[PDB]
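Geometric and topological summary
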Amino acid sequence: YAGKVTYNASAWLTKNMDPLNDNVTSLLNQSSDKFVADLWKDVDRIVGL
Amino acid sequence: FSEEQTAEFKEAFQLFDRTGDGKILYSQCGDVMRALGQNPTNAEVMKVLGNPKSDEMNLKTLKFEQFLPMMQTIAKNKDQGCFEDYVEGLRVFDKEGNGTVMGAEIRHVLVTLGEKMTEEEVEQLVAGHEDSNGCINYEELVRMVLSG
């Protein structure tokens, strides 16, 4: 309504996907700190191939 | 020491007696040192005891003027273990770093390492300081032995 907006689409795929080295991540999962271990316990979602 | 508190120190020694005979043994010595104000390494005691085995440790007697040089020799004592050393001391078995350990390992390490404890020595010390997952948090357990 409030103006024609330009969006640009380069890199959006991996933005709606979020991939990472699952290895370092699974170790961030097994961390010491309550924060890092709460923050990263969600390892399942990271994609590797 | 002042004759003020030394009067009191004497009384607690006298209240350690078994019969009245004036003679607290090389055994109970450790508790008298404690109860006055100390927390000796069982080594600190053994040092001023003169290195006995169980036999003459049980058989040899002390009197107060044999004890007061001992209590005095420790008291103005070398290095006294802070909160910070102690937590890291228990932190050792935190498989990751968490701030927490299972009350089974903790009950055990004190019954296997350093100046080893009995179950009796451990349970009274530790119990009710695990949580609803059976983790003892060490940080408070350390503070507990300090302000006690």
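Parameters at a glance
Residues numbered from 1 in each chain as written, not as in the entry; some residues may be left out. Chains lettered and ligands numbered in written order. Part of a larger assembly, values for the part shown. Heavy atoms only, no water. Helix = DSSP H or I, 4+ residues; strand = E, 2+ residues; numbered from the N terminus. Contact = heavy atoms within 4.5 Å. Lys, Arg positive; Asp, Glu negative; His and termini not counted. Charge placed at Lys NZ, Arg CZ, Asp CG, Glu CD. Buried < 20%, exposed > 50% of the residue type's maximum accessible area, 1.4 Å probe, protein only. Arc of directions from axis to C-beta. Polar contact = N/O pair within 3.5 Å; in protein donor to acceptor, adjacent residues only side chain to side chain. Core = buried A, V, L, I, M, F, W, Y, C linked by side-chain atoms within 4.5 Å. Axes fitted to C-alpha atoms, helices over the stretch in contact; angles between N-to-C directions. Parallel < 35°, antiparallel > 145°, perpendicular 65-115°, else oblique. Left-handed = near helix turned anticlockwise from the far one by under 90°. Nonpolar A, V, L, I, M, F, W, Y, C, P; charged D, E, K, R; others polar.

**What about the overall build of chain B?**
A count of helical and extended segments in chain B gives 9 helices and 4 strands. Across its three principal axes, chain B shows a C-alpha extent of roughly 50 × 35 × 25 Å. For chain B, restricting intrachain contacts to residue pairs at least 6 apart in sequence, the fraction spanning at least 24 positions comes to 60%. Averaging the coordinates of the 15 positive side-chain charges in chain B and doing the same for the 27 negative ones gives two points 7 Å apart.

**Points about helix α2 (residues 29–36) of chain B**
Residues and elements named next belong to chain B. Listing the buried residues of α2 in full gives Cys 29, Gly 30, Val 32, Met 33 and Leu 36. Here the buried residues of α2 occupy an arc of 165° about the axis, which is enough to place them on one side. On the buried face of α2, the contacting elements are α1 (3–15), β1 (24–25), α3 (42–49), β2 (61–62) and α5 (64–75).

**A closer look at the side chain of B:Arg107**
Residues and elements named next belong to chain B. Along the chain, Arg 107 falls in helix α7 (residues 103–109). Separated by 2.7 Å, the side chains of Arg 107 and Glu 123 make a polar contact. In terms of polar contacts, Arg 107 uses its side chain to reach the side chain of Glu 130, at 2.7 Å. Discounting residues that sit within four places of it in the chain, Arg 107 has contacts with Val 122, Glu 123, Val 126, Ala 127, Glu 130 and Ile 136.

**Thoughts on unusual backbone geometry**
Working note: non-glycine residues mostly have negative phi, and peptide bonds are mostly trans. Residues and elements named next belong to chain A. At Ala 11, a residue that is not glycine, the phi angle is positive and equals roughly 85°. Checked against the element boundaries, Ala 11 lands in the segment before α1 (12–17). The backbone of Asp 18 sits at a positive phi, close to 55°, despite the residue not being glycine. Position of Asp 18 among the secondary structure elements: in the loop between α1 and α2 (22–29).

**Focus on the nonpolar core**
Residues and elements named next belong to chain B. With 18 residues, the main nonpolar core has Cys 29, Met 33, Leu 49, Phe 67 and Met 70 as its most contacted residues. No other element matches the 6 residues that α5 contributes to this core. Not counting residues within four places of it along the chain, the set of residues in contact with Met 70 comprises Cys 29, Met 33, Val 48, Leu 49 and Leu 62. In terms of nonpolar packing, the next biggest core, distinct from the first, is built from 9 residues, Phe 83, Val 87, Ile 106 and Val 142 among them.

**Let's talk about the packing of helix α6 (residues 83–91) of chain B against helix α9 (residues 138–146) of chain B**
Residues and elements named next belong to chain B. Two elements in contact, α6 and α9, have axes whose closest approach is 9 Å; the angle formed by their N-to-C orientations is 135°. The angle between α6 and α9 falls in the class oblique. Judged by the sense of rotation from one axis to the other, the crossing of α6 with α9 is right-handed. Residues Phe 83, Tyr 86, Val 87, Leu 90 and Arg 91 of α6 lie in contact with α9, whose contacting residues are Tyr 138, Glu 139, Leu 141, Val 142, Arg 143 and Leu 146. Of the residues assigned to the contact of α6 with α9, the class counts are 8 nonpolar, no polar and 3 charged.

**Some details on the packing of α1(B) against α5(B)**
All names here are of chain B. For the pair α1 and α5, interaxial distance at closest approach is 11 Å and the crossing angle is 120°. As the angle between them shows, α1 and α5 are arranged oblique. Where α1 crosses over α5, the handedness of that crossing is right-handed. Only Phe 64, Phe 67, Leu 68 and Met 71 of α5 make contact with α1, whose side of the interface consists of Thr 6, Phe 9, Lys 10 and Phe 13. Looking at side-chain class alone, the contact of α1 with α5 contains 6 nonpolar, 1 polar and 1 charged residues.

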